[PDB]
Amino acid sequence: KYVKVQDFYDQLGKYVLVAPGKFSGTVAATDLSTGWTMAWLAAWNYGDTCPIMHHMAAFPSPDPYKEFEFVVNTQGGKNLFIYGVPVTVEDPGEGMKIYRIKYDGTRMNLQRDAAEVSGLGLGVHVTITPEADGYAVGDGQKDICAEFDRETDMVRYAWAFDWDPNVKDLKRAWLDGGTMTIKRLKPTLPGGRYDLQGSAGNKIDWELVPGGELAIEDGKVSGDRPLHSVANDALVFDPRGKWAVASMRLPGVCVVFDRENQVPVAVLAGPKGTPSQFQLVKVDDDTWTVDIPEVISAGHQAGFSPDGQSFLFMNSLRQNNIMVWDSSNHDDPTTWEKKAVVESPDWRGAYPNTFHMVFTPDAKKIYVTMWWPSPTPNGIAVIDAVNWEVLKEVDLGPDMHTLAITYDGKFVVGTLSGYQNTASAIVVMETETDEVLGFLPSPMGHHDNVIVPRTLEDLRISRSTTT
């Protein structure tokens, strides 16, 4: 007679979608086998006065439906003013919170704020270590990343990054190059803690938007110290262990760190045209530098294929493509060498902007975001990861964000977020012939989403090895 939406959910199976909602100030888990939201959480109700719920990542649980834990961070300050919502809050809080929350089989519970426990507030990407024993956050306003311990929320190590332009004027500070310093950040407060919550640390007073390097160069982004900015975005993890990679938007490079010995060991150069790497120079036991002749393009998204064998960093802005290194040699990242660039005619200038990606478990395909400012249709591009070529692009709607995949490989689940004021949805695509099955309602401006992994192997294609 009639069609039952339960038939759609029957095919997706018992996966748990989690996603935060940015200006909605909520986070929510959804049952993809029934269409229910399992639980949601409103941070205002906990006294947060700028609850911009931003990025997030879930630890694996053997049964997400009885329990799971996740990490979700917030942004604050003038970040509240930069989207199209005519916000009337005067003096909002400062965000940079890192909330630990546990779903217990009925409700979500706010465990604590890790930014308080560690001393270190960081407001961009959140990922889980491949061993599920901790997590990392990055922040492009203060240019710090750190890997924290799951059980205590204390920082295992934290790196601060600094730019020293060869030309001291914002228009040229990146294009004509400079030296980046890589600096061990050491705790300064009792108990092993930092003094870097909320805005403490900030160089620029809000996070650079997609294309937002142009803005910083044109002197349109305020802050104390924009000339020193690199805009770190993320620390993503090699699935094989040992190394974590920090992405720096403005200087177009990624830094490979030794997690156990807490040194950086290599710098990979993003733009097509430049070598595989630049030279890392140790200055002292806590200080390294790297010189860059010119920044030919800012980069964004960074991540490893599930087997560890390829590493990717996206050029965005002046170039627009995916640079791929061969990371085959687990024993020494200073050998990792460029082996492929994914290019496509429509990939010119800042838009479409490729800010997020997910591999299929066997690693032969990639789903990658194509973002544009309103009104141009946003979408997904499907990449052949064996030959490194675009297979197809699907237009979907406004403001495309992240992409997650069911662990059996079969369905891609993505979020579009209305720029915080217009249409928002969850999108489902099947990966056998890459077609959209449609949209589920989602009143939230998500800039992240995940499916709760069950095993350490599922994390290799979740929020761990890519953003």
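Sequential numbering from 1, following the sequence displayed.
Undergrad: So 91-99 or 307-315, which one's hotter by mean CA B-factor in the entry?
TA: Averaging CA B-factors over each stretch, the winner is 91-99.
Undergrad: Tell me which stretch, 340-348 or 144-152, has the higher mean Cα B-factor listed in the entry.
TA: Per the PDB record, 340-348.
Undergrad: Tell me which of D258, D205, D164, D238 tops the list for C-alpha B factor in the record.
TA: In the PDB entry, the greatest C-alpha B-factor among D258, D205, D164, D238 is found at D205.
Undergrad: Which one, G252, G119, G379, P226, has the peak C-alpha temperature factor per the PDB entry?
TA: Max CA B-factor in the entry, restricted to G252, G119, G379, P226: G119.
Undergrad: Within this chain, which third does the Cα B-factor at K242 fall in: lowest, middle or highest?
TA: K242: CA B-factor falls in the middle third of its chain.
Undergrad: Check where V412 lands among this chain's C-alpha B-factors and tell me if it's the lowest, middle or highest third.
TA: For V412, whose C-alpha B-factor we compare with every modelled residue in the chain, the answer is the lowest third.
Undergrad: Which third of the chain does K14 land in by C-alpha B-factor: lowest, middle or highest?
TA: According to the entry, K14 has a C-alpha B-factor in the chain's highest third.
Undergrad: Name the third of the chain's ranked CA B-factors that contains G47, choosing lowest, middle or highest.
TA: It falls in the bottom third of the chain.
Undergrad: Tell me, lowest, middle or highest third: where does the Cα B factor of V386 rank within its chain?
TA: Highest third of the chain for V386's C-alpha B-factor.
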